[PDB]
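Before any comments, here is the structure.
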Amino acid sequence: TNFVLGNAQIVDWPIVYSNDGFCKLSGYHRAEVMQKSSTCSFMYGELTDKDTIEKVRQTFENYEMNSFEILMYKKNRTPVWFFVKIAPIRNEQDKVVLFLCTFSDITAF
């Protein structure tokens with residue numbers, strides 16, 4: 028799969044890790060997404076749905092699990108219709124410490 032891990036306890040939920048799948052899909056080197064928002068807002072465009080952008084943030088703000096279909100752009104500006112799954116990860120105290128964010132290209136051929 029293609030995913031990144033965001034720190035749930037820090038503002039903007041900065042990326043602490045991204046796998047090779049994400050780097051190949053997004054076009055960004057792993058070093059280039061480190062500490063970038065886990066919402067992947069750095070990949071949004073003017074055409075990205077404003078309402079969905081808000082719902083995504085709300086999912087993080089509320090430490091909840093949810094999925095969304097959203098338009099984002101690869102580094103070279105290629106438009107991609109993404110399916111994004113946001114899943115919180117908890118510690119012993121059952122406190123959300125990380126967000127596992129998985130991305131899939133669901134653009135029709």
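Going from the sequence shown to the authors' numbering is simple: count from 1 and add 27. Using N, Cα and C, we set each Cβ at its ideal position, and we do this for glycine too.
Rounded to whole angstroms, the gap between the alpha carbons of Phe-30 and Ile-113 is 10 Å. Residue burial annotation: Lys-63 is buried, with at least 16 other C-beta atoms found within 10 angstroms of its C-beta. Partner residues in the beta bridge of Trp-108, as assigned by DSSP, are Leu-98. Leaving aside the five residues that flank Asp-76 on each side, the residues in its chain whose CB is nearer than 8 Å to its CB run, in chain order, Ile-97 and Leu-98. The three-state reading of DSSP puts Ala-35 in coil, since its state is none of H, G, I, E or B. For the pair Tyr-44 and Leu-32, the CB atoms are nearer than the 8 Å cut-off. Collapsing the DSSP output to three states places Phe-136 in coil.
Note on geometry: alpha-carbon atoms of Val-124 and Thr-86 lie some 14 Å from one another. Here DSSP, grouped into helix, strand and coil, assigns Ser-65 to coil. Taking the Cα of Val-83 as reference, the smallest distance to any Cα among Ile-133, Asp-39 and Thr-28 is reached at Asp-39.
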